[PDB]
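As a plain string of letters, each chain reads:
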Amino acid sequence: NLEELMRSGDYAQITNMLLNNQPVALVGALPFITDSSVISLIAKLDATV
Amino acid sequence: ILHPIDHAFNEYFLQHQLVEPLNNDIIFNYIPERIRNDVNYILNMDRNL
Amino acid sequence: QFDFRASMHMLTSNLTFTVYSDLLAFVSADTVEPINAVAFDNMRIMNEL
C-alpha cells in the first residue's frame, strides 16, 4: 500500500525488496507516461524508474 | 633510546590508551530505548564507517 | 653511566586512525506528520479533530 507507506514512511520493507529484486506489485493511484517506440522497449527502459 | 624510568612512562602510554573502534552498530546502540522502538521517529545510517 | 644495551628499546603503535566525537551526527532523522502521531497504544493522540 503506497498510502500507508506515505503515512508512516519506514521504507525498510521496500528498500529490501528493491535491492534483492523480489517481485512486487505496488498499489495506489499513480500518474504515468505514454511511450510509443520499440527502441525504447528494446533498451530495457521501464526498469530504470 | 630512553632511560629505564623514561621508558616506563612511555610503555604505559602506549599499552593503555582510551581509544577503541567504531561502527554503525555502536551508534545504533547509543540512542535511547524509546526512540529505538518508536513509530513517530524515523532513523537510519547514511554513511560508511 | 650510559649503558647502550640497557637503554635502547623498540616501540610499537598504530599507523593512522581518526577519532570522532559527537556520534549522533551520523544519524539521519525524520518525523511523521504531526496529525498522524500516535501514543504507546498505537491510537492517535488529539482525537478532537
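Rules used in this analysis
Residues numbered from 1 in each chain as written, not as in the entry; some residues may be left out. Chains lettered and ligands numbered in written order. Part of a larger assembly, values for the part shown. Heavy atoms only, no water. Helix = DSSP H or I, 4+ residues; strand = E, 2+ residues; numbered from the N terminus. Buried < 20%, exposed > 50% of the residue type's maximum accessible area, 1.4 Å probe, protein only. Contact = heavy atoms within 4.5 Å. Buried area = accessible area lost by both parts, 1.4 Å probe. Salt bridge = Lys/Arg side-chain N within 4 Å of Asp/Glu carboxyl O. Polar contact = N/O pair within 3.5 Å; in protein donor to acceptor, adjacent residues only side chain to side chain. Nonpolar A, V, L, I, M, F, W, Y, C, P; charged D, E, K, R; others polar. Pairing = 2+ DSSP bridges.

- If you check the header, you'll see the entry was determined by cryo-EM and the resolution is listed as 3.48 Å.

1. Thoughts on the overall build of chain A
Okay, so step 1: Helix and strand content of chain A: three helices and zero strands.
Okay, so step 2: Listed by position from the N terminus, the elements making up chain A come as α-α-α.
Okay, so step 3: Counting only C-alpha atoms, chain A reaches 40 × 25 × 15 Å along its principal axes.
Okay, so step 4: Counting all 49 residues of chain A, 8% fall into the buried class.

2. Considerations on the interface of chain C and chain B
Okay, so step 1: Across the boundary between the two partners, chain C contributes 24 residues, which contact 21 residues of chain B.
Okay, so step 2: Around 2000 Å² of area is buried between chain C and chain B when both sides are counted, 70% of it from carbon and sulfur atoms.
Okay, so step 3: Along the contact surface separating chain C from chain B lie zero salt bridges.
Okay, so step 4: Linking chain C to chain B there are four residue pairs in polar contact.
Okay, so step 5: Classifying every residue of the side of chain C that touches chain B gives 16 nonpolar, seven polar and one charged.
Okay, so step 6: Of the pairings in the sheet, the one linking strand 1 (residues 41-45) of chain B to strand 1 (residues 27-31) of chain C comprises five bridges and is antiparallel in character. Within strand 1 of chain C, the position partnered with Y41 of chain B by the bridge is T31 of chain C.

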